[PDB]
Structure formats: structure tokens, C-alpha cells
Amino acid sequence: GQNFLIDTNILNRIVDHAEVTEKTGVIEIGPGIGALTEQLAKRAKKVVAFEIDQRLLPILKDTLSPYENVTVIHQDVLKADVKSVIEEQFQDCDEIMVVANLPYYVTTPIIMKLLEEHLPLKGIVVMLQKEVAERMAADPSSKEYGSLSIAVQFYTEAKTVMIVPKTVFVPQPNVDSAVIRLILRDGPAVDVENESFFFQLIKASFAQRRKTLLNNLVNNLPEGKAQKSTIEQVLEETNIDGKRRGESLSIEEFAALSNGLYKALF
Amino acid sequence: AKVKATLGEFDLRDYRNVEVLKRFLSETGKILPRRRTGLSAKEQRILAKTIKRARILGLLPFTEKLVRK
Amino acid sequence: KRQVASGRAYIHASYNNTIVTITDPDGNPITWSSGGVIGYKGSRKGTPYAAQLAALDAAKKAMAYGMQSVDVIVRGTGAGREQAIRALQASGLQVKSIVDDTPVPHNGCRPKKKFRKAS
Amino acid sequence: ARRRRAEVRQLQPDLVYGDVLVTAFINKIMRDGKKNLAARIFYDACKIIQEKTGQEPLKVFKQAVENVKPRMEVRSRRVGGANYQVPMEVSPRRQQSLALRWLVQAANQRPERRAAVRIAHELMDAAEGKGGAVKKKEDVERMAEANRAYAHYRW
RNA sequence: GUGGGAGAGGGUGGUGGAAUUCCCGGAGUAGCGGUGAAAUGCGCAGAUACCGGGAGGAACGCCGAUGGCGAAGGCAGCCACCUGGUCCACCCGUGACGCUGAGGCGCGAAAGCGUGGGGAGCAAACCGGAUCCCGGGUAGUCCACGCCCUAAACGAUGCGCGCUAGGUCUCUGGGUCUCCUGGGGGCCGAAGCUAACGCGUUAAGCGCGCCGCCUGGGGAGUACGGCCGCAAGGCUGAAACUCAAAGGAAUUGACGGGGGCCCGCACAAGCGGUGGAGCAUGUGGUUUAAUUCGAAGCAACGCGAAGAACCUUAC
RNA sequence: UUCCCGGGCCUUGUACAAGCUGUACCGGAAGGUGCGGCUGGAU
């Protein structure tokens, strides 16, 4: 199902927050009812909507047929590298950015893979459930902060632009939604580390969330019991008490721990 | 009929009189309700306690198997 | 082989599968039959007819080994208890004793999700 | 019906033999209102049996009919998206109905060219105790009492 | 005070069985488990089903209740020890010694934390399998100390005392014993009360005493300050701004995953049929100069049109 | 009447003119699942 955006100017509002101009050509992940692509094609040189089920292709045959900007492409969003289609189709385009209309259900894999690809582009604006909105902007404390937060903030800076209530979506979602903007940072937020071990550490600290950082490290991390002293040892060096909880620490200090621990037991 | 019906004077607290206590069980070694035994609340409770005690002594079965389909 | 001419029958009656094991008086299993033996598959293994066929099959392979009379010792609450009983009683066996022996917990371990919401 | 139990029409006894079963049989034979043709075909069968067998036909009609009277039928039942073909016991009315129907349909599918000839051999064969109608009668018979496990669905 | 009574009231120390899992044999082969369809998974190193012996760790089947005890949260295998509350009978003793109680001090389901142990099963997160399910699975659920201290913590009903018809059931005492008299737990109902629903000697009735709390909805149990906590968080608790409503119970309706009953060639019991074949007519598309137009589920389609060679005719 | 279709008279309600709740977690969140509770929900 799709959320019927019966209210007008909301699409335009999210567009304005996205700052997509004539100079900018933007990819839409989900064609939907074409309205999003409708405004996108209006104010942009080139817009593409990726279709995973060609059963859904016929509709635009009357909707996006009047508009000439739209280049309909039939390829699974997960089973492709967007970079190639960007190079081919959007050679004429200047600014590469994404606007999506996913069912709040499929966002996270898509948005994570997009950033996995290390694809150079302007950014991404999406609407999704409040509590899942990158777990809000998120910060090194509070319930919202999670592993997702650290990953996303590592790749790109984060900002939630708007929060949208009911009566905006016809199949009343029983849950409020929100619109977030992401802009690709010039390389890593972190200075330097190994990516794999860093992500492993990030996951390990947040496994048993309520327990202390020290306990999370001793349990979740492979082995760990034998090398526990060494573990706590590095914590003395990096100026972090084990009695802190993972939620309390910031991303940079997570990396500072990653570097220390990497050279210790890894 | 009822179990209480087909019995004379006896002591309900005696955890060794198996000859009578066996009756208050089903085909399986399960204690019959007050529908079947025909006792008041107090006597039913005291009998149940006695039956449990007797079971523990090994005089009565904790459970059985019915000789039917 | 054993030619003891008398054993016992354990009928494991599950909702999904019906198994019958014929054993010597000592309790050591002589032969076993299932729904998969007949080759039946999926949900319809719980269908009574399959259990009838398994029962008859077990009876035939039993008479093959000299069986005359047994003690049916039924287990579980499969959809094919009574029908398999009827099949095996008239299968040609001089069956002596039939007892229900379903192992019920005395409120021990906590059951799985679907067995919750007890009254 | 829902309120009625439905009353059965009473067939007029035959002109020649003074019986109703012949009337019912010819009616089963009867198509497109051709009762004259059916009656003549039946009387030709009567002549055939009378010539080829010494005894009077009517006794043979009854005994053959009995020899093609089903006595244990199977009825479909819908339980939880499943079919239960429960064997039940038929009414005498049902007995005669299926009897006449099966006899006639068996008679029609005989290799012979002439209707009288076909129906005649059919009825003689049914008389002896072997024939298409008889065959199907015992067919449904053996189909019954096979689902005895499903016999507890009283329909 | 004396003589008893009932009870899953609490803490501690022991020990009983059924069941699940795992380790061994005796024996025994080809699948087992799973749903709505399977699939994942396990098994030829011998799995499932079976008998015999062990290792455990949690919870106590029938009794069992519409029942009992506690101030609440809550509490059931059994035996013992220590201990709290309470009911009745004698009317023996003191002589108003009383009720409530802002702060304080304790207790406080589940979840969650710290220091140790434990882990049979079940299962957040997580890993897989088909398209809200099915396999695995750490925390946790367990115990011992110390935290946290919140709920639809509910009878949505503060505690105490006195008064105002009864009927019926049920638990537990007393008596002179199917009739009285106490104390609990339910249902119907006098008077009365209530916006109504309903309550009605277990008051939401008639009165008195003390305590806590309320003053339109949203912002908001939010911010800020303060006090607790290892942390989560808890307690206390606004305003700016914005709407003219928010809400309670009840009455007619029409709708539903709803359920009961009653009907109609509705199914069933039969007969005869188009659907397959050659033609006639009607429509949707195609075609053209136009092949005019209306009718599109039943309730459009041999319908308007119950007579198209020109006429009709509207293209 | 076993069903299926279309009605009629009843009874009962989320919603009009199951649900809720306290904590805990979610790199498949029109939200889901643990653990426990409540009826302000039908046998």
C-alpha cells in the first residue's frame, strides 16, 4: 500500500527542504502514484523512478507520459549499482540526489546500501516513522541513540527537517511520520580506523544496551574474557570508565577506543 | 451414587487406611471432585491433604493408566 | 525370527505424524512403521486413512515374524487414535489389553508460544 | 423444500397388466412425450421375453428389478473443506428410482440396433443377476461399507 | 485475660513424583519435525518411535471453586521450626487509654542495574527459512546480597464510627441445632441517591471527624530549578502559544471480524440445456468518408430498434 | 440444511451520523516482539 498524499504543497515543502532545482536531477526510488515524480519532473531536468515490479509500470503510462524528463528504468533497487545508471542516464545532470516514497517498511536496507556504495552525490531526503527517523537526529545519549545512529553519522551528517501528522496519509498510519535530510560527508567523520572491527565494536557495545560498557565488551566481543584486563587497560588510556554505558559515549571516542583495542588483541 | 454414601464411620486424617482411601481416586490415581465424593469443603480439603501425604509414603499412586480405549 | 508370537504395540499419535512400534515382551523394539514408510507427505500424514494403512502394514510385517496377540499401548492425541485402534483390533491380532498412556506433565516446564493462554 | 416433506405422485396402474411399476419403467424410457413409442417398445420387449422364455414376463420384471435394487448408498458431506462419503441406507422409493434409472440407461448403451432388442437382453441379463445395471449396483454397493471409518458422520 | 477455630499469610531447613533436555547401553531402521502450502533444520558416525540406567535446572497435574489468607503488591507438592494478622465463647480485668494523620520511616507485580554463581525448558535483540508464520538463539526468566522503585498498583470507589426493608446462595465459628446468633465472600432488590448506566447493611443512601486531590482541551507530565539513582529513569512541576470546543452516559439509525433463528429450483434429488461445431443477432475493440447516439455487474448485450435497398437517419 | 447465493426478524460492538497499559529492545518499524497486568473485550 501507498500513503495517499491528499494534502497539497507538502510535496513542494519536502522539495524546498531538499533544495532540488533545475540544475539538479534527482533519483526517485519508488514511483508510487507519480505525484512526487510529477513535481520532480516539473522543476528538474531529469528524474528517474526505479521499478521493481513491471506490473506497476503501466500507471505512469498516462501520468508521467505528459512529462518528458522522466526516464523509466526497470531494475531492482537492491540488485543494482546506482553509479552506472547515474553515469549513463544522468551524464547531463549536475547535482545527484535522491527523493524516496518507500512504505516506511523497506527504507532502512535501501538507505544503508546507498551509503555502502560510497556513491558521490548531494544527498537523500526521505519520509518514515518518527521513532525510526535515523532514530531521530540522535546524539551520544538518550533512548534514540543506537548503532544505526553511529553508522549513519559516520558516513554522513544528519538532520530531521519536518514532522508530518495524520490526515496527510489516507490509510491512516496510526503512527506519525517525519522527513529527514542526509548530505554525504567528504569521506569519514572519523579520522582513521579499520571499518570492519570498528563496526563490530559498535555492534558489540550496544548488544545488551542496559548493561555497562565493560560487561558489553567482555560478553559480546569474541573471546574477551581472557583478555579482559587488556580491555580495561585501554579504557584507562582512552580516558573512558567502564561504568558509562555505550549510549553515553560519542562516535569519535568510539573510534579512539577502536584504534586502541585494534592494536591490543586483534 | 457417591463415595461417602457407600462407607461407614472412619477417620479422614489416617494416612494409612488405603482400603478406604483408594476409593476416593478415579481409574487413574486422581482425586475425585465433590460431585463424585460428596463431601463438604472442610472434609474434602483434609482428605486431599491426607491423600497427598499417603502418595508420598508410596501407599497410593501418583498417577495410573485407565484400562479403556 | 523372534517368533515370540506375542508383543506390545506403542502407537505414537501426533497431530502431524502417526508412528506404530511393535516390540517384544521385554520392551526391545521389533519393528516400526510411520507415515513416511507409506510415502505420504505434508499435512495429510495426520489424516486417519494414512494411520490405518500404517497399522495394517505393521500388522502384516508382524505376522511375518510370528505375531499372534499383542498389548496396544496408545500414546499421544493424534487425529487417528480410535481409527488405528479399530484397524489393528480387527487386523487379525488377538489383542488383549488396550490402555491410554498419554504422558502429561505435572506442571513442569513452560510450553512453547502456541500452547500458552491456559485457563 | 424447507417446510414440506414433499408428497409423492401416485402413478396410474398399467392398462394391460394392471400394475404401476411397468408405468414407472415406461415413463423412465419415455422421452419428448413419446409415451406411445415407449409403450410399444416395452411391449415388444414383453413379446421378446415371452417368446424366448416360457414364463410370464411380470414375475421377471419384479425379480430383475430386485436384482438391480441398491441397498447401501454413499452421500457427500462437507466437513472443514473436506469430503466425507458416508454410506447410508436407501428408502424403497429411492431403491426403485435408482433401479429403473440404471436399468434403462444400461439398456440404451447396448451394442444392438433395435431398442426393443436392447432393452429385452438388458432385462433378461438383469434377471439372471449379471448386467450393466447389476454391475453398477454392486459397484456402488462395494463403494459403500468401505468408508466405515467415516460412518460416524450421520449427515 | 481464659478456651478454642479456619487459612496458597511470611521466613528458614529438608525431600516427592510426573514431564522436558542431555550422556550411556540393550535392541532396532529410513526418514523425523513443521504450517494455511511447505520450506529451513536433524538423521546412514544410525536419527525418530522403544526399554533400562544416570546428570541436572525450573514449575508443582487431579484436588480447585463461582473457594481461602494478606494492608497492598501478592500467595498453592509435601514435612518440620520460628513468626505476623484475625474470628468466636465466658463477660473475668483496666477505665476514654480513642479516630485520622502533612513530613519521616518501612513494604512495593513485571521489567531494568551492580557483584558472584546457575542455566532444563521458554524466549527481546540477532541469524536463517516460505510469503503475520516456522526453525535456531545471547540477555533475561533462577538463586544470594545490594539497587531501581513504576502500572488498566482497579472495586477506576481514603480510613473510622452510628442509623435505614428484606429474599437467596456460599465459606468459617457458637448454641437449646434444618431454628436461632457472630464474622467474611457473591446475586436480586425497600426507602433513598445518580446526568444516565447503575449503587443499594460489602451504599455510590442519611450524618459526624481527619487526610489527599480537582478547576476547559492541546502544548505536557514537556522545559527549567531542586532532591533521589551507577544508568535507565523517578519525584516535584510551569509558561509562551493555539482551538471553541474536549468529554460522560444514554436514544434512534446503518455497518462489521459478530453469533442465533426463518425462508426463496438457494443448495440438495432429477430432467433438459448453451460452454465444443456450422449459422442469426447483439455488443467491446479493429477498420474506414462515416462504419452516428444512448445502455456496462446482477438490474447493459435478439435492450431503445414492435421490420435500415431510397426513405428511416440522427453519420 | 451439509454447504453456497440473496433476503427477513433478533442479539451484540471496534468505528461512525480484540483493545489498552508499565518497563526493555529493534542495521524488514502503516510498527513488531519479549515479561507481566487490566476489561474500559465474545466463548
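Per the PDB record, the structure was determined using cryo-EM to 3.6 Å resolution.

Going by the PDB entry, chain B carries the name 30S ribosomal protein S18 and comes from Thermus thermophilus HB8. Readers searching the PDB will find this entry under the title "T.thermophilus 30S ribosome with KsgA, class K2". The record in UniProt for chain B states the following under Subunit: "Part of the 30S ribosomal subunit. Forms a tight heterodimer with protein bS6, also interacts with protein uS11. Binds to the C-terminus of IF3 and to the central section of Era." Chain B has a UniProt comment under Sequence similarities that states "Belongs to the bacterial ribosomal protein bS18 family."

Under the annotation held in the PDB entry, chain A carries the name Ribosomal RNA small subunit methyltransferase A and is attributed to Bacillus subtilis. The Catalytic activity field of the UniProt record for chain A holds the comment "adenosine(1518)/adenosine(1519) in 16S rRNA + 4 S-adenosyl-L-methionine = N(6)-dimethyladenosine(1518)/N(6)-dimethyladenosine(1519) in 16S rRNA + 4 S-adenosyl-L-homocysteine + 4 H(+)". A UniProt comment under Sequence similarities is attached to chain A, and it reads "Belongs to the class I-like SAM-binding methyltransferase superfamily. rRNA adenine N(6)-methyltransferase family. RsmA subfamily."

Take the overall build of chain A next. The secondary structure content of chain A amounts to 10 helices and 7 strands. If you line up chain A on its principal axes, its C-alpha atoms span 70 × 40 × 30 Å. Counting across all 266 residues of chain A, residues that qualify as buried make up 43%. Within the structure as shown, chain A displays about 14000 Å² of accessible surface, and the carbon and sulfur contribution to it stands at 53%.

Around RNA strand E lies a shell of 60 residues, among which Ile-31, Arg-45 and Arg-53 of chain B together with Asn-28 and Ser-43 of chain C are the nearest. Across the atoms of RNA strand E situated within 4 Å of the protein, the share located in sugar and phosphate is 72%. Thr-212 of chain A places a main-chain nitrogen or oxygen 3.0 Å from a phosphate oxygen of RNA strand E. In this structure, a base oxygen belonging to RNA strand E sits 2.8 Å away from a side-chain N or O atom of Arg-245 of chain A. Listed by contribution, the elements that provide at least two residues to the surface near RNA strand E are α3 (41-57) of chain B, β1 (6-13), β3 (29-33) and α1 (35-38) of chain C together with α4 (92-108) of chain D. Looking at which element gives the most residues to the surface near RNA strand E, the answer is α3 of chain B, with 10 residues. Residue classes in the surface near RNA strand E are distributed as 16 nonpolar, 19 polar and 25 charged.

Judged by nonpolar contacts, the single largest core of 34 residues is most densely connected at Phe-25, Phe-42 and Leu-103 of chain D. Where this core is concerned, the elements lending two or more residues are α1 (21-29), α2 (35-52), α3 (57-66), α4, α5 (115-128) and α6 (132-143) of chain D. The element contributing the most residues to this core is α4 of chain D, with 8 residues. Listed in part, the 27 residues of the second largest apolar core include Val-82, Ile-110, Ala-133 and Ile-180 of chain A.

Right, let's talk about the packing of aromatic side chains for a bit. In this structure the tally under the stated criterion is 19 aromatic pairs over all chains. Feature note: the residues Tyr-17, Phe-25, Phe-42, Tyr-43 and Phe-61 of chain D constitute an aromatic cluster, connected by ring pairs. For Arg-53 of chain B, the ring lying beneath its charged end belongs to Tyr-15 of chain B, and the centroid distance is 5.6 Å. The ring of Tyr-40 of chain C is capped by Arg-44 of chain C, whose NZ or CZ atom sits 3.9 Å from the centre of that ring.

Attention shifts here to the pattern of salt bridges. Residue and element names in this part refer to chain D. Within the structure shown, the criterion is met by 21 salt bridges over all chains. Between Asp-44 and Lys-47 there is a salt bridge, with its nearest N and O atoms 2.6 Å apart. In this pair, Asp-44 and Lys-47 both sit in helix α2, 3 residues apart, roughly one turn of the helix. Here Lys-47 falls in the partly exposed class, since its relative accessible area comes to 42%. Here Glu-73 and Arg-75 are joined by a salt bridge, their closest N and O atoms 3.9 Å apart. Residue class for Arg-75 comes out partly exposed when judged on its relative accessible area of 35%. Each of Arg-110, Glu-112, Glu-122 and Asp-125 takes part in salt bridges that share partners, so that together they form one network.

Before going further, it helps to spend a moment on the UniProt feature "binding site: S-adenosyl-L-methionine" in chain A. All names here are of chain A. Mapped onto this numbering, the UniProt entry annotates "binding site: S-adenosyl-L-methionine" at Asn-3, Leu-5, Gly-30, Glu-51, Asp-76 and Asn-101. The named residues occupy 99 residues along the chain; their greatest pairwise C-alpha distance, 24.6 Å, places them well apart from one another. As for the largest pocket, its lining draws on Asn-3, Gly-30, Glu-51, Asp-76 and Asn-101 from among the annotated residues. Mapped onto the elements, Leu-5 comes out in the segment before α1 (10-18). The class of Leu-5 is partly exposed, set by a relative accessible area of 22%. Aside from chain neighbours lying at most four places away, what touches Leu-5 is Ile-10, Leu-11, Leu-36, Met-127, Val-168 and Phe-169. Mapped onto the fold, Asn-101 is located in the loop between β4 (95-99) and α5 (107-116). For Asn-101, a relative accessible area of 18% gives the class buried.

Residue and element names in this part refer to chain D. All of the buried residues in α3 are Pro-57, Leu-58, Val-60, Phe-61, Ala-64 and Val-65. Each buried residue of α3 lies within a common arc of 160 degrees when the element is viewed along its axis, so the set occupies one face. On its buried face, α3 is in contact with α1, α2, α4 and α5. Capping the start of α3 is the job of one residue whose side-chain oxygen sits 2.8 Å from the backbone nitrogen of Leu-58: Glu-56.

The rules behind the values
- For every chain, the first residue of the written sequence is numbered 1 and the count continues from 1 onward along that sequence, whatever numbering the entry uses; residues with no coordinates are hidden.
- Chain letters start at A and ligand numbers start at 1, both assigned in the order the entries are written.
- The full assembly is larger than what is shown, and all values describe the shown chains rather than the whole.
- Only hydrogens and water are set aside when side-chain values are computed; all heavy atoms of the structure are taken into account.
- UniProt positions are given in the numbering used here, feature names are shortened, and annotations may be inferred rather than shown by experiment.
- The helix and strand labels rest on DSSP assignments: H or I over at least four residues marks a helix, E over at least two residues marks a strand, and numbering proceeds from the N terminus.
- Working definition: with a 1.4 Å probe on protein chains only, accessible area under 20% of the residue-type maximum means buried, over 50% means exposed, and in between means partly exposed.
- Accessibility throughout is a Shrake-Rupley quantity obtained with a 1.4 Å probe, and a residue counts as covered only by protein chains that appear here.
- Residues are labelled near a given molecule or strand when at least one of their non-hydrogen atoms is within 4 Å of it.
- Any pair of nitrogen or oxygen atoms within 3.5 Å is treated as a polar contact; in protein, a donor-acceptor pairing is required on top of that, and neighbouring residues in sequence qualify only through side-chain atoms on both sides.
- Amino acids are sorted into nonpolar (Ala, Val, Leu, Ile, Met, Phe, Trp, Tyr, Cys and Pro), charged (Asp, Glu, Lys and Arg) and polar (every other residue, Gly among them).
- In plain words, nonpolar cores are sets of buried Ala, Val, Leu, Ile, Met, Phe, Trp, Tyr and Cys residues tied together by side-chain atoms within 4.5 Å.
- Under the pairing criterion, centres of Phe, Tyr and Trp rings, with the six-membered ring standing for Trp, must be within 6.5 Å; the plane angle then separates stacked pairs below 30 degrees from edge-to-face pairs above 60, leaving the rest tilted.
- Throughout this description, the term charge over a ring refers to an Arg CZ or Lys NZ atom that lies within 6 Å of the ring centre and within 35 degrees of the ring normal.
- Put simply, a salt bridge is a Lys or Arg side-chain nitrogen that is within 4 Å of an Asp or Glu carboxyl oxygen.
- Each cavity reported here is a set of points on a 1 Å grid over the protein atoms alone in which a 1.4 Å probe fits but cannot get out, each pocket an open set with protein on both sides within 12 Å along at least five of seven lines, and each lining residue one with an atom within 4 Å of a point.
- When checking whether two residues touch, look at their non-hydrogen atoms; a contact exists if any pair is within 4.5 Å.
- Taking the helix axis as origin, the arc is that swept by the directions to the C-beta atoms.

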